[PDB]
Participant: 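Please read through the structure below; I'll follow up with questions.
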Amino acid sequence: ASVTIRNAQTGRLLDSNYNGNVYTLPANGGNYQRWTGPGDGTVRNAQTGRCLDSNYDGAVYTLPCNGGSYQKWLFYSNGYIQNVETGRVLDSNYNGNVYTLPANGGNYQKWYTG
Ligand SMILES: OC[C@H]1O[C@H](O[C@H]2[C@@H](O)[C@H](O)[C@@H](CO)O[C@@H]2O)[C@@H](O)[C@@H](O)[C@@H]1O
Ligand SMILES: OC[C@H]1O[C@H](O[C@H]2[C@@H](O)[C@H](O)[C@@H](CO)O[C@@H]2O)[C@@H](O)[C@@H](O)[C@@H]1O
Ligand SMILES: OC[C@H]1O[C@H](O[C@H]2[C@@H](O)[C@H](O)[C@@H](CO)O[C@@H]2O)[C@@H](O)[C@@H](O)[C@@H]1O
């Protein structure tokens with residue numbers, strides 16, 4: 001069970017690497033752009049096995065999965081992807097930067113996941 005996670009505004013796909021950097025890039029079909037959810041709230045990179053993670057300041061990264069609440073996420077049917085600990089939502093821009101912000105209703109915070 002795995003998905004891609006595509007930004008509604010930019011079309012770029014959520015992606016990450018072995019350094020733990022998280023960014024978006026145009027779709028390339030590679031496994032760094034796939035993500036798996038084993039049903040514990042985690043979102044794990046298909047290639048690196050590292051968990052999507054974020055902090056109260058809004059930085060986004062991946063780390064080996066550590067069981068904490070910062071690595072848990074809620075996927076809403078309207079496209080928000082919300083961090084369970086902080087309540088901020090996954091967000092990104094035209095340059096490929098990824099971060100979290102309070103929900104603002106803008107399209108950069110909407111994601112298509114499947
Ligand atoms: O050749 C490595 C890698 O290149 C392409 O993936 C890019 C990006 O999606 C990845 O996050 C980083 C991982 O370091 O590398 C590239 O910038 C894809 O062709 C991918 O399938 C490939 O394995
Ligand atoms: O620092 C306590 C914190 O550590 C671990 O979480 C790490 C990372 O997953 C978090 O995103 C950042 C948030 O600032 O903190 C750590 O680097 C977990 O053990 C977590 O439960 C705990 O609160
Ligand atoms: O007015 C710009 C933009 O502002 C709000 O979006 C913010 C953030 O969610 C976005 O990721 C970045 C993209 O560069 O911009 C802001 O920081 C939203 O109101 C959005 O609709 C709006 O275009």
Side-chain angles (χ1 to χ4, degrees):
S2 74
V3 301
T4 55
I5 297 174
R6 168 190 293 268
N7 192 264
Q9 180 61 34
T10 70
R12 299 169 69 109
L13 272 59
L14 195 68
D15 195 348
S16 67
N17 65 16
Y18 281 101
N19 286 337
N21 306 135
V22 176
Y23 39 87
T24 66
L25 278 169
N28 59 31
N31 253 289
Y32 303 85
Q33 293 185 344
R34 294 200 76 79
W35 300 87
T36 65
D40 59 355
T42 65
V43 180
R44 307 187 182 206
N45 189 260
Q47 176 68 36
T48 72
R50 293 165 73 95
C51 273
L52 189 70
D53 199 350
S54 74
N55 66 17
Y56 277 96
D57 177 64
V60 178
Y61 40 85
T62 73
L63 281 176
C65 303
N66 65 24
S69 47
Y70 298 91
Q71 289 184 356
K72 306 174 188 139
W73 301 84
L74 304 176
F75 286 53
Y76 289 84
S77 68
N78 61 193
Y80 282 128
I81 298 174
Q82 181 181 40
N83 190 266
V84 167
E85 178 61 28
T86 72
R88 302 171 70 99
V89 303
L90 194 67
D91 196 351
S92 73
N93 66 18
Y94 269 102
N95 190 226
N97 307 113
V98 174
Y99 38 86
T100 68
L101 274 172
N104 67 28
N107 257 270
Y108 294 94
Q109 292 177 348
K110 306 305 196 20
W111 304 86
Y112 302 121
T113 297

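Order of listing sets the numbers, starting from 1, for every ligand and every atom in it. All residue numbers refer to positions in the sequence shown, counting from 1.
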Participant: Indicate whether any N or O donor in one side chain lies under 3.5 Å from an N or O acceptor in the other, for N45 and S16.
Facilitator: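 Yes, a side-chain donor-acceptor pair sits under 3.5 Å.
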
Participant: When you measure from atom 8 (C) of ligand 3 to every protein heavy atom, which one gives the shortest distance, and what is it?
Facilitator: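 Nearest protein contact, heavy atoms only, for atom 8 (C) of ligand 3 is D91 OD2, 3.4 Å.
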
Participant: Which of the atoms in ligand 2, numbered in the order shown and given with their element, are less than 4.0 Å from a heavy-atom of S54?
Facilitator: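 What qualifies from ligand 2 is 11 (O).
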
Participant: Is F75 reachable from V60 through a run of I, L, V, M, F, W or Y residues, each pair having side-chain heavy atoms under 4.5 Å apart?
Facilitator: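 Looking at the clustering, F75 is in the same group as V60.
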
Participant: Is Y18 close enough to touch ligand 1? Criterion: a residue heavy atom under 4.0 Å from a ligand atom.
Facilitator: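 Judged by the 4.0 Å heavy-atom criterion, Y18 does not count as contacting ligand 1.
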
Participant: What residue and heavy atom of the protein are closest to atom 23 (O) of ligand 3, and at what distance?
Facilitator: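 Going by distance alone, atom 23 (O) of ligand 3 is nearest to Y108 CE1, 3.5 Å.
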
Participant: I'd like to check which ligand 1 atoms, numbered from 1 as shown, lie under 4.0 Å from a non-hydrogen atom of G30.
Facilitator: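 Those atoms are 21 (O).
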
Participant: Below 4.5 Å, heavy atoms only, C-beta onward: do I81 and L14 meet side chain to side chain?
Facilitator: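 Counting from C-beta outward, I81 and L14 never come under 4.5 Å.
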
Participant: What is the closest protein heavy atom to atom 7 (C) of ligand 2, and at what distance does it sit?
Facilitator: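 Result: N66 ND2, 3.7 Å.
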
Participant: Among protein heavy atoms, which lies nearest atom 12 (C) of ligand 3, and at what distance?
Facilitator: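 Nearest protein contact, heavy atoms only, for atom 12 (C) of ligand 3 is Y99 OH, 3.5 Å.
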
Participant: Decide yes or no for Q47 and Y18: does some side-chain heavy atom of the first lie under 4.5 Å from some side-chain heavy atom of the second?
Facilitator: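 Yes. Closest side-chain heavy atoms under 4.5 Å.
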
Participant: Going by the atom numbers of ligand 2, which of them fall below 4.0 Å from some non-hydrogen atom of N55?
Facilitator: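 Numbered from 1, ligand 2 contributes 13 (C), 14 (O).
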
Participant: With a 4.0 Å cut-off on heavy atoms, is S16 touching ligand 1?
Facilitator: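 Yes.
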
Participant: Where the closest heavy atom to atom 17 (O) of ligand 3 is concerned, which of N95, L101, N93 has it?
Facilitator: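 Heavy atom nearest to atom 17 (O) of ligand 3 belongs to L101.
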
Participant: Is there a heavy atom in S92 that sits closer than 4.0 Å to ligand 3?
Facilitator: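 Yes; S92 lies near enough to ligand 3 that a heavy-atom distance drops under 4.0 Å.
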
Participant: What protein heavy atom sits nearest atom 22 (C) of ligand 2, and how far off is it?
Facilitator: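 Going by distance alone, atom 22 (C) of ligand 2 is nearest to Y70 CE1, 4.4 Å.
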
Participant: Below a 4.0 angstrom heavy-atom separation, can you tell me which part of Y56, side chain or backbone, both or neither, approaches ligand 2?
Facilitator: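 Answer for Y56: neither.
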
Participant: Out of all atoms in ligand 2, which are within 4.0 Å of some heavy atom of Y61? Include the element for each.
Facilitator: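 Those qualifying, in numeric order: 10 (C), 11 (O), 12 (C), 13 (C).
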
Participant: Nearest 0.5 Å, please: how far is CG in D57 from CZ in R88?
Facilitator: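 Reported value, rounded in 0.5 Å steps: 7.0 Å.
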
Participant: Just to be sure I'm reading this right: ignoring hydrogens, which of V22, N28, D15, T24 gets closest to atom 18 (C) of ligand 1? Compare them by their nearest heavy atoms.
Facilitator: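 Of the listed residues, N28 has the closest heavy atom.
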
Participant: Do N21 and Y61 have side chains that get closer than 4.5 Å, going by heavy atoms?
Facilitator: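 Heavy-atom side-chain distance check fails, nothing below 4.5 Å.
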
Participant: Side-chain donor-acceptor pair under 3.5 Å between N7 and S92, yes or no?
Facilitator: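 A pair is found: one side chain offers a donor N or O, the other an acceptor, under 3.5 Å apart.
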
Participant: Has ligand 2 got any nitrogen or oxygen that is less than 3.5 angstrom from a nitrogen or oxygen of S69?
Facilitator: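 No - when backbone and side-chain N and O of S69 are compared with those of ligand 2, no distance drops under 3.5 Å.
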
Participant: Could any protein non-hydrogen atom be found less than 4.0 Å from atom 3 (C) of ligand 2?
Facilitator: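 No, there is none.
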
Participant: List ligand 1 atoms under 4.0 Å from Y32, heavy atoms only on the residue side.
Facilitator: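 Matching atoms, with element in brackets: 10 (C), 11 (O), 13 (C), 23 (O).
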
Participant: Should we say atom OH of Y56 is surrounded by more than 12 heavy atoms from elsewhere, each under 6.0 Å from it?
Facilitator: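 Buried by this count: over 12 neighbours within 6.0 Å.
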
Participant: Going by heavy atoms in the side chains, are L63 and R50 under 4.5 Å from each other?
Facilitator: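 Yes; the side chains approach each other to less than 4.5 Å.
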
Participant: Counting only heavy atoms from other residues, nucleotides and ligands, does the tally under 6.0 Å from CZ of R6 exceed 12?
Facilitator: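 Not more than 12 within 6.0 Å, no.
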
Participant: With distance as the sole criterion, is a donor-acceptor pair present between the side chains of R44 and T42 under 3.5 Å?
Facilitator: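 A donor-acceptor contact under 3.5 Å links the two side chains.
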
Participant: Are any of the protein's heavy atoms under 4.0 angstrom from atom 10 (C) of ligand 2, yes or no?
Facilitator: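 Given the 4.0 Å cut-off, atom 10 (C) of ligand 2 counts as touching protein heavy atoms.
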
Participant: Can you find a heavy atom in the side chain of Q82 that is under 4.5 Å from one in the side chain of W73?
Facilitator: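 When only atoms from C-beta onward are counted, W73 and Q82 do not touch, as no gap falls below 4.5 Å.
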
Participant: Within a distance under 4.0 Å of any heavy atom of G68, pick out the atoms of ligand 2 and give their elements.
Facilitator: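 Close to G68: 21 (O).
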
Participant: Say you draw a straight line from CZ of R12 to CG of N93; how long is it, rounded to the nearest 0.5 Å?
Facilitator: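 One finds 8.0 Å between CZ of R12 and CG of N93.
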
Participant: Can you confirm whether some protein heavy atom lies under 4.0 Å from atom 14 (O) of ligand 2, or whether none does?
Facilitator: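 Given the 4.0 Å cut-off, atom 14 (O) of ligand 2 counts as touching protein heavy atoms.
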
